[PDB]
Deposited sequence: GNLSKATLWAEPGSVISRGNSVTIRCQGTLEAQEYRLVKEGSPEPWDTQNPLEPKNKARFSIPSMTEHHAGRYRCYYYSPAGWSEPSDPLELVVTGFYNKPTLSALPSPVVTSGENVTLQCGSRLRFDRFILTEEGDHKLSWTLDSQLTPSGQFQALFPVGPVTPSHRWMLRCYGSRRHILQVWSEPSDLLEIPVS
């Protein structure tokens, strides 16, 4: 069975008020494309595209809290509905105060409450549940691995809250390891 392919440009982690483009790829026989968003019962968006019908473009001029989430794309053709695409997890950042990130074990922490911390390479990511210390810091501890002049890290970290997992804080300041 055939499935749509769904991705975001320039990427799936977007600062609030910045632009992002969601693209879906089907086949030349596709008649309609539909985005469905987790938690939204009715279709998020629909397009009946012209010309080459194997692509759809779903544009977000300015990323808000309400765009953040998990999406699937389907296309319709004479064969009926495609299998859904793999889910695209679209994250918005800038909605809480930036945590601090320091030192190899890295510590992402904040006084401001968070349920999760996400460590990101400026390209990969690492998610951990937070922990509050008896002195009232929310933190997570991230091991890094090989620190070497050949592989230097450009890292920032974010906090999130359990009720909206795709809504992240402002990023921490960039931390470069080793020196």
(request) Enumerate the deposited-sequence segments absent from the coordinates, judged by C-alpha atoms, in order of position. (result) 1 to 2, 106 to 116, 136 to 138, 196
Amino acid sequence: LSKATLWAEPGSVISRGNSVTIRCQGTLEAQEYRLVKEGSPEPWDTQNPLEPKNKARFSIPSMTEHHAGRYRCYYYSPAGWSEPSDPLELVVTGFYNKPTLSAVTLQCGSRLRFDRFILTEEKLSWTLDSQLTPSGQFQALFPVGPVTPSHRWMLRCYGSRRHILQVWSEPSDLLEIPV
From here on, numbers count along this sequence of modelled residues.
(message) Tell me which stretch, 53 to 61 or 133 to 141, has the higher mean Cα B-factor listed in the entry.
(response) 133 to 141
(request) Decide which of the stretches 43 to 51 and 147 to 155 has the higher mean C-alpha B-factor, going by the entry. (result) 147 to 155
(message) Checking the record values for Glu29, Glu32, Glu38, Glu121, which has the greatest CA B factor?
(response) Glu121
(request) Could you say which of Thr93, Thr105, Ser85, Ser77 has its CA atom at the highest B factor, as listed in the PDB entry? (result) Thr105
(request) Just say lowest, middle or highest third for the CA B-factor of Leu1 relative to the other modelled residues in its chain. (result) middle
(message) Going by the CA temperature factor in the PDB record, which third of the chain does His66 belong to: lowest, middle or highest?
(response) middle
